[PDB]
Novice: 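Right, I'll just put the structure down here and ask away after.
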Number of protein chains: 4
Amino acid sequence: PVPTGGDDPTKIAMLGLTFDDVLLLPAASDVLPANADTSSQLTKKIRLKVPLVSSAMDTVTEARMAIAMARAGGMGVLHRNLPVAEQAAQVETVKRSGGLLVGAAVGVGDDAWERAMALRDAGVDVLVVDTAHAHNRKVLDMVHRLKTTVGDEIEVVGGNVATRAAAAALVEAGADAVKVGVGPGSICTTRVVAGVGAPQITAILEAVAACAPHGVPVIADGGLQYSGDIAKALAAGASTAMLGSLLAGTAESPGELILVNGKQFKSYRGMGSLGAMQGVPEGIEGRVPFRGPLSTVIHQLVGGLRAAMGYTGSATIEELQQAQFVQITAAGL
Amino acid sequence: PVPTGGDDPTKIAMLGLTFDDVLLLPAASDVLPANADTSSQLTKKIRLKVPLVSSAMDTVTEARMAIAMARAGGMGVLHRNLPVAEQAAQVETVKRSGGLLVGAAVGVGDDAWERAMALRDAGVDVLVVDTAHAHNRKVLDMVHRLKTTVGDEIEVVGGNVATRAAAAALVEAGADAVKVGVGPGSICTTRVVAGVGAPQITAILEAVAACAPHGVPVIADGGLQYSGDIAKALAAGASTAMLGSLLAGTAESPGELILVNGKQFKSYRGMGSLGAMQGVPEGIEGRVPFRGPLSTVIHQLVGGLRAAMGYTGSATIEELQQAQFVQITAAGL
Amino acid sequence: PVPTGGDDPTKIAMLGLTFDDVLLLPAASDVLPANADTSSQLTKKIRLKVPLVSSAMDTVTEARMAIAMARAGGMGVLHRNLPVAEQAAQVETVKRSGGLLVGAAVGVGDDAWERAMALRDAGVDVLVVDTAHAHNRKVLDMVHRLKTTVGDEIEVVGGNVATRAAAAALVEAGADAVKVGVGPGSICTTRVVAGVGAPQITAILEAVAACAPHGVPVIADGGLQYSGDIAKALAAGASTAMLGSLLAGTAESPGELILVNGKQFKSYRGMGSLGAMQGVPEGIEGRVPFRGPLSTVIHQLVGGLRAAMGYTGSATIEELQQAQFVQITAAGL
Amino acid sequence: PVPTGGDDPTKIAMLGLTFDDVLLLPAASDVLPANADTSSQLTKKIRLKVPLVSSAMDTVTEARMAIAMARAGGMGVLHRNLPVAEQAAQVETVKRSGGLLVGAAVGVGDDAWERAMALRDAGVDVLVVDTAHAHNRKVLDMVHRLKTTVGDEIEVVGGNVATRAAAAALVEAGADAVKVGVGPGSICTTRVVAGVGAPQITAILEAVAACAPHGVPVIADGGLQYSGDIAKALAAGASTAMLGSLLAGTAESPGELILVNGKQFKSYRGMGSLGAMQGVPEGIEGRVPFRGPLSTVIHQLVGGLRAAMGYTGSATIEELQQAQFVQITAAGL
Ligand SMILES: C[C@H](Oc1ccc(-c2cn(C)cn2)cc1)C(=O)Nc1ncc(-c2ccc(Br)cc2)[nH]1
Ligand SMILES: C[C@H](Oc1ccc(-c2cn(C)cn2)cc1)C(=O)Nc1ncc(-c2ccc(Br)cc2)[nH]1
Ligand SMILES: C[C@H](Oc1ccc(-c2cn(C)cn2)cc1)C(=O)Nc1ncc(-c2ccc(Br)cc2)[nH]1
Ligand SMILES: C[C@H](Oc1ccc(-c2cn(C)cn2)cc1)C(=O)Nc1ncc(-c2ccc(Br)cc2)[nH]1
Ligand SMILES: O=c1[nH]cnc2c1ncn2[C@@H]1O[C@H](COP(=O)(O)O)[C@@H](O)[C@H]1O
Ligand SMILES: O=c1[nH]cnc2c1ncn2[C@@H]1O[C@H](COP(=O)(O)O)[C@@H](O)[C@H]1O
Ligand SMILES: O=c1[nH]cnc2c1ncn2[C@@H]1O[C@H](COP(=O)(O)O)[C@@H](O)[C@H]1O
Ligand SMILES: O=c1[nH]cnc2c1ncn2[C@@H]1O[C@H](COP(=O)(O)O)[C@@H](O)[C@H]1O
């Protein structure tokens, strides 16, 4: 029998590693952190100066965040937990601040096609078909319909996935980028409520195995707690990282300051939390420390990435994606 | 020598995984959580609408719980820590509330045959031969005697086991279902007192390898803490889950509200605890948070299961039983 | 290269398991806990009714403990942190309480031969050559000298060891039992101070591989925290268990009651602690909860063992020594 | 696919062990701790009586520490976070206290060559080219330039490295010793900020595989918390250990006593901390317990090492470097 039980070796299909399971190995380097090139592909066509996108969540990204993110060289994805007219107006607001990149989330519900067309009319650059489970005909069909209808002017992202097969399906549907993350989010309770998930380093490695041969960038979404996690996600093969928790504490996120026991916080909640759905939960409502301006958070995050590129001899993100890991033990934390 | 010591490779026979060691992998799916079919076999003949049974414990299941459980589409197993006449009367009470399914525990002591016949007379549907260690001639003989005597009107469950061989023995004795769990219970101290046990995912996989080829359902009993654990136990191959801790906090369980430090609790104790035996302990007496009505707890539990069936593309429990896992590391919690 | 570094596969020689790493697997059984036979060989010649010996420590075993232990069916080993005359007088005191078995520790210092002869004269049954590191010519020579001089009337134990080779050396020197434990003691700081040790399940398996073929019993010494650990140590192949921590809280141990924050304690200290040596430390001075009479502690310990013998179908300790383990993961605790 | 994801087996290159992952196995021994020879090579030419060097940090080693360390039989490395004139004057101060060994850190910046020549003029014995990442042409060139210019009178150390290849590069550049440690320091945040590092036992094993064949000693730098860690680092093949945390609490380190909540502390900060750089941080500012005189700390540290040499039968450090480990599990701590 199989050492962990039963007679089927495929029952337990893999050993899933998360960020805390690995470290980047230093390598020969003539790259100074200050000189590394941090640009990377968000989608097949769109390159960002900084490989970071803010999550499509209503305690993270509305117009103010999208504007600050694009000015910092990344991009925001506007959340979709509001009327179609307001979302499109947020898109327009970002555009009124210059030639700034902006994305917007849509679902696959009755109302999604209308939403997508309104955002298109508003001048959106990227449409993110954004769902709990993208390995599904309705999601694949929406990705394909958008790519064939508005595809030559708008880039279309599909997510989220957690396996090589799911990512391959989005590639075949025409996705211009694939977003990876089922289970790892800081406010996510999918793992405890449904018992479902995939540790994020293994999920990225698997998705990249399906996406890289086709020139489709992977967006690592969820579970990033530290600047060093960004470096790890990219070295695992992702081209960008999507941040929720790390940006929800910033001045530019929606929400006000909360003072508890003399310290400053902001509210941060899952899109699957009770309160987000009353606008069986798979997300919580919580708080995160107030962090100040976005520009300052992004500076330290990018600083950590630059440090990693120095250590690994990576002049570009493309080079970082070829870096090697060491696996650590439980004693290692 | 063997890497862990000595010269015998069979000394340390396997690596045992528990619920926290695994996650369900998302898979291609056209199944909406709301549309999944949650029915499953309790025994060879009996199918439940909801794959959940309440434990035969005196702080969990008396008539009120059995009634609420059957109305929710599951079943209760009446505990046996009272006189034969009272247990049979509880059986009758459940039946007075309609054509509701109900089970009842018996042991293998002098008094067990009399108990079993009285419950039969009371109209019980399922008899559960329920013991700390079922891999034993007296237990096997009782299972067989019941199956040959009352077997065509009553289904007979045997438990508990933790190995492929033990489950195979119950199958050969005529069990209509096999119950798995030695060591994993929340109030169980078998692991620390006797040093005995089997991690529950590996125990289910092993028991299913013996039971499924013979069409005998496995009941996963003990160690379930979250709705996601129910999904994991079924995907490991079990057909139903038995709950103690998760239901002991409910309005319908025996026992009154306990107020400690401004919060509400109910008493929850092992059948092998001092107080359960004074009616060398292998169970504790504890408290669990008061949770309100059973209907509400079952709704969230079934909600979590439906979510898992959506993620895994499982239209039925039978399909869920073929789902795949990823193993996670210690960093994964 | 070797996956953990360097080019030498023998550098990291084995994966060491401790008690918490394993569980005993239930097996077919017709043995009732109440009926199991708990007797076992302390030495080649001496069998105990209960497979438990108290440590040769000055906060655990003086005459009162030795007397209580023998009456409970085990034995005490009198510590040697006092003058030769007092130790011998303690031996005599035990003998004045009937035909009770008693052992006594000696070292390998200048004074040890004199000590050994005085204890012999006092009527001691077992001499324990007791040292931090027995894999050493002076220890081997002392074991052999005693066996050739007083060996036909007194049994001679040697310890402590942690490897197959060390145990083999004591067997060749003539030891009648071998004591295993370098590093695992509750009050031991050898692991942090010297960086030396061996996880106790692997140490027992290795020592038994050297001792069992020669009919020499292994005494598992140190690291036992729960009654279930006793069962594990014996199933790993040991014939008896030596207890320090578990008995230091008892009425019969040396030392008085200590009241701290409304709860009762006794002092418990390593023989290598500062205070034991002032009569570079490798042991601490601590407290353990007061537990009451020895008889009560031994009853629960033996109760747990009986439970294990029931679960594993072990009618005798000899049978228990053939039981199988499952290895558990970090999530398993 | 590879069990942890993707199709490349080299992506995750190794399993990295840290000190807490291993223990030294006791071995046959005729070596008394008091009699072991603790001397070891700092560099190809320089042997120390005690295999310990103090870190080049401004809360650890200035003239007072360098003096105390050499008198204890080790050496100090003077930090370089001050003007060239003051560092050279510290070197001279040490020399005014007798024929004491002393080292000094230099970087690879514009000012480093001048620094190195001034320290040379001051009578320094060892120059340590000391950087976050030594696997780099500028570092290799500096090591080589120093070795060819002042190499016959001064020994030249290069660091830090974490891989076999990096250490091989320093050997080829002419290093007289190689210093190992990227990530493990107590005040280091490289792992969380950059996601970069190498567990220290595996890093030492790998570096030694490159250095030992060429007769170049390895200095184990960072992550040492206990005296037992020193023994482990040497048995892994290092010839000396560099200490920061363990010595920063001593009377001889720079800094004053800090009283917080009735207990005594000293400040201890990374050279990459904000405050060290304001003279994106990769080190913190913290406190360590005040420990008293250096002589006392070194005595217990050397005591622990002697204990390890006794247990492993190592008469010399060279013998200790051939000792074997056992790997432990997470339960092992
Ligand atoms: C609503 C609630 O919680 C959420 C909400 C949003 C996300 C989310 C992640 N991302 C990237 C974008 N949005 C995740 C969880 C929930 O339980 N959703 C849910 N659980 C299972 C399914 C399902 C699985 C198969 C199929 Br087919 C259809 C639905 N959906
Ligand atoms: C009474 C006490 O604690 C309990 C009580 C009930 C259960 C329990 C689980 N389940 C599913 C239904 N009931 C478990 C433990 C206890 O120690 N029992 C016990 N330990 C060993 C044996 C034994 C092992 C081999 C043989 Br053969 C006979 C008895 N029995
Ligand atoms: C005195 C201090 O602490 C102790 C004291 C007693 C025990 C102890 C266990 N047991 C079963 C019986 N007694 C263990 C540690 C200490 O450090 N002892 C020590 N550490 C290394 C050596 C050594 C190693 C090789 C050789 Br060869 C000679 C001595 N001795
Ligand atoms: C200044 C700050 O923090 C420090 C400061 C000193 C040390 C330190 C260790 N040791 C032994 C001696 N000094 C370590 C970290 C920092 O982030 N430094 C840094 N991170 C990446 C690079 C880099 C990587 C490739 C190349 Br090429 C050039 C620079 N440098
Ligand atoms: O309610 C939820 N349940 C599960 N995942 C969520 C939920 N809400 C947002 N997310 C995901 O979690 C990511 C943020 O993760 P974080 O950066 O670790 O906080 C988002 O970008 C989404 O992919
Ligand atoms: O005293 C005990 N010792 C060991 N297992 C028990 C005891 N009492 C009840 N159980 C088992 O534990 C299960 C409940 O586990 P739980 O749902 O994790 O709380 C029951 O259904 C029984 O199988
Ligand atoms: O000071 C010490 N250092 C290391 N081991 C000790 C020391 N003192 C007693 N012991 C060992 O530890 C055992 C007790 O371990 P315990 O039962 O876990 O508390 C004794 O029987 C000795 O083998
Ligand atoms: O700011 C820093 N970041 C990373 N490593 C540092 C820093 N400052 C000092 N070190 C390293 O950490 C070592 C001390 O580690 P410790 O002995 O564990 O405290 C030093 O000898 C340096 O190699």
Side-chain angles (χ1 to χ4, degrees), chain C residues 132-133 189-197 272-273 277 280-283, chain D residues 19 23-24 26 29 31-43 46-55 60-61 64-77 100-103 204 217-253 288-289 291-323:
Chain C
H133 186 49
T189 57
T190 301
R191 288 193 181 203
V192 289
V193 166
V196 170
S273 61
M277 299 191 299
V280 173
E282 284 177 43
Chain D
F19 296 120
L23 292 173
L24 288 168
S29 177
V31 165
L32 279 198
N35 286 1
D37 183 347
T38 58
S39 61
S40 188
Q41 301 298 137
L42 178 65
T43 76
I46 296 171
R47 195 168 179 87
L48 302 178
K49 293 189 171 189
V50 166
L52 300 175
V53 52
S54 58
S55 303
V60 178
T61 304
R64 197 179 162 190
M65 173 69 66
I67 281 171
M69 282 298 292
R71 293 178 163 164
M75 196 190 76
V77 182
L100 299 173
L101 285 169
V102 65
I204 294 169
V218 168
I219 300 165
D221 180 18
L224 287 105
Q225 307 186 1
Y226 303 111
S227 60
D229 295 342
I230 294 166
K232 298 176 189 188
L234 305 176
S239 284
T240 60
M242 169 167 280
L243 307 173
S245 179
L246 283 177
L247 303 177
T250 63
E252 285 89 345
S253 77
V288 296
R291 301 287 194 192
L294 178 85
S295 69
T296 299
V297 168
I298 299 299
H299 178 261
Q300 316 311 325
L301 291 184
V302 171
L305 177 64
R306 289 181 167 286
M309 293 178 74
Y311 281 116
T312 59
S314 302
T316 64
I317 299 300
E318 285 75 17
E319 291 182 19
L320 178 64
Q321 296 176 327
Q322 306 309 325

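All values below were derived from every heavy atom in this structure, side-chain atoms included, with hydrogens, water molecules and symmetry-related copies excluded. Each chain gets a letter, A, B and so on, in the order the sequences are listed, and its residues count up from 1.
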Novice: Ignoring hydrogens and geometry, is there a side-chain-to-backbone donor-acceptor pair from D/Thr61 to D/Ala66 under 3.5 Å?
Specialist: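 Checked: no pair found.
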
Novice: Does D/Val60 offer a backbone N or O that forms a donor-acceptor pair with the side chain of D/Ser253 under 3.5 Å?
Specialist: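 No, because the side chain of D/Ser253 does not come within donor-acceptor range (under 3.5 Å) of the backbone of D/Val60.
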
Novice: What is the distance from atom CE of D/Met242 to atom CD1 of D/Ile230, rounded to the nearest 0.5 Å?
Specialist: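 Between D/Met242 CE and D/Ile230 CD1, I get 12.5 Å after rounding to 0.5 Å.
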
Novice: So do the side chains of D/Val50 and D/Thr38 get within less than 4.5 Å of each other, counting heavy atoms only?
Specialist: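 Yes; the side chains approach each other to less than 4.5 Å.
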
Novice: By the side-chain hydrogen bond (donor to acceptor under 3.5 Å, both in side chains) test, which pairs, at least two apart or in different chains, include something from residues 221-245 of chain D?
Specialist: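 The answer is D/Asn160-D/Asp221, D/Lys179-D/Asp221, D/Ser239-D/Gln321.
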
Novice: Using 4.0 Å as the upper bound for N to carboxylate O, is an ion pair formed by D/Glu318 and D/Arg47?
Specialist: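 Yes, charged N to carboxylate O under 4.0 Å.
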
Novice: State the CD1-CD distance between D/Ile219 and D/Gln41, to the nearest 0.5 angstrom.
Specialist: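 Atom-to-atom, D/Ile219:CD1 and D/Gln41:CD are 11.5 Å apart.
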
Novice: When you compare the side chain of D/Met75 with that of D/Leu48, does any pair of heavy atoms fall below 4.5 Å?
Specialist: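 Counting from C-beta outward, D/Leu48 and D/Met75 do come under 4.5 Å.
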
Novice: Of all heavy-atom pairs between D/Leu42 and D/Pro217, which one has the smallest distance, and what is that distance?
Specialist: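 In terms of heavy atoms, the two residues are closest at O-CG, 3.6 Å.
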
Novice: Measure the shortest side-chain to side-chain distance between D/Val288 and D/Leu246 over non-hydrogen atoms and say whether it is less than 4.5 angstrom.
Specialist: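 D/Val288 does not reach D/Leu246 side chain to side chain.
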
Novice: Rounded at 0.5 Å granularity, tell me how far OG1 in C/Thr189 sits from CZ in C/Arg191.
Specialist: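 Here the rounded value is 12.0 Å.
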
Novice: Heavy atoms only: give me the nearest D/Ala36-D/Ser314 pair and the separation to one decimal.
Specialist: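 Closest approach of D/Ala36 to D/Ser314: CB-O, 4.2 Å.
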
Novice: I need the minimum non-hydrogen distance between D/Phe19 and D/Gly222, along with the two atoms involved.
Specialist: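 In this case the closest contact between D/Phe19 and D/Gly222 is CE1-O, 3.9 Å.
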
Novice: What are the two closest heavy atoms between D/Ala70 and D/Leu101, and how far apart are they?
Specialist: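 Minimum heavy-atom contact is CB-O, 3.7 Å.
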
Novice: Can you tell if the side chain of D/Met65 reaches within under 4.5 Å of the side chain of D/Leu294, non-hydrogen atoms only?
Specialist: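 In contact.
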
Novice: Could you measure the distance from the CG atom of D/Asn35 to the CZ atom of D/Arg306? Nearest 0.5 Å is fine.
Specialist: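 The CZ atom of D/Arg306 is 8.0 Å from CG of D/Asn35, to the nearest 0.5 Å.
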
Novice: After noting the C-alpha distance and the side-chain angles of D/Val302 and C/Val280, does the key distance pass the side chain to side chain contact (heavy atoms under 4.5 Å, CB included) rule?
Specialist: CA-CA 9 Å; D/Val302 171; C/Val280 173; over 6 Å; no

Novice: Within the 4.5 Å heavy-atom criterion, are D/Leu52 and D/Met69 side-chain neighbours or not?
Specialist: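 Answer yes - side chains close enough.
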
Novice: C/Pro281 versus C/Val193: any side-chain heavy-atom pair under 4.5 Å?
Specialist: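 The answer is no; the side chains never approach within 4.5 Å.
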
Novice: How far does CD1 of D/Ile298 sit from CG of D/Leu247, to the nearest 0.5 angstrom?
Specialist: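 It comes to 5.0 Å.
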
Novice: My understanding is that only residues two or more places apart in sequence, or in another chain, count here; which of them pass salt bridge (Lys or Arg N to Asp or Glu O under 4.0 Å) with D/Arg71?
Specialist: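 In terms of salt bridge (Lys or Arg N to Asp or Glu O under 4.0 Å), with neighbours along the sequence ignored, D/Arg71 is linked to no residue.
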
Novice: Apply side chain to side chain contact (heavy atoms under 4.5 Å, CB included) to D/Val53 and D/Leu243, showing your working.
Specialist: CA-CA 6 Å; D/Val53 52; D/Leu243 307 173; over 6 Å; no

Novice: Can you tell me if D/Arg291 uses its side chain to pair, donor with acceptor, with the backbone of D/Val297 under 3.5 Å?
Specialist: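 Between the backbone of D/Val297 and the side chain of D/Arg291 there is no qualifying donor-acceptor contact (under 3.5 Å).
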
Novice: Would you kindly say whether C/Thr190 and C/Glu282 are connected by a side-chain donor-acceptor distance under 3.5 Å?
Specialist: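 Their side chains do contain a donor-acceptor pair, which is all the 3.5 Å distance test asks for.
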
Novice: I'd like to know if the side chain of D/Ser55 reaches the main chain of D/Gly244, judged simply by a donor and an acceptor atom lying under 3.5 Å from each other, with no hydrogens or angles considered.
Specialist: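 At least one qualifying donor-acceptor pair exists.
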
Novice: Is any side-chain heavy atom of D/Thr316 closer than 4.5 Å to one of D/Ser40?
Specialist: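 Sidechains of D/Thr316 and D/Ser40: no contact.
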
Novice: Does D/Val31 offer a backbone N or O that forms a donor-acceptor pair with the side chain of D/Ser29 under 3.5 Å?
Specialist: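 The answer is yes, because a donor-acceptor pair under 3.5 Å joins these two groups.
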
Novice: Would you give the length of the straight line joining atom CE of D/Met309 to atom CG of D/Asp37, rounded to the nearest 0.5 angstrom?
Specialist: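 It comes to 6.5 Å.
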
Novice: Which heavy atom of C/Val196 sits nearest to which heavy atom of D/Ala308, and what is that distance?
Specialist: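 Nearest heavy atoms, C/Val196 then D/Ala308: CG2-CA, 4.1 Å.
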
Novice: So which atom in D/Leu24 and which in D/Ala235 form the shortest heavy-atom distance, rounded to 0.1 Å?
Specialist: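 D/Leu24 and D/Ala235 have their closest heavy atoms at CD2-CB, 3.5 Å.
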
Novice: Contact between D/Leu100 and D/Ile67 at the side-chain level, heavy atoms closer than 4.5 Å - yes or no?
Specialist: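 Yes, their side chains come closer than 4.5 Å.
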
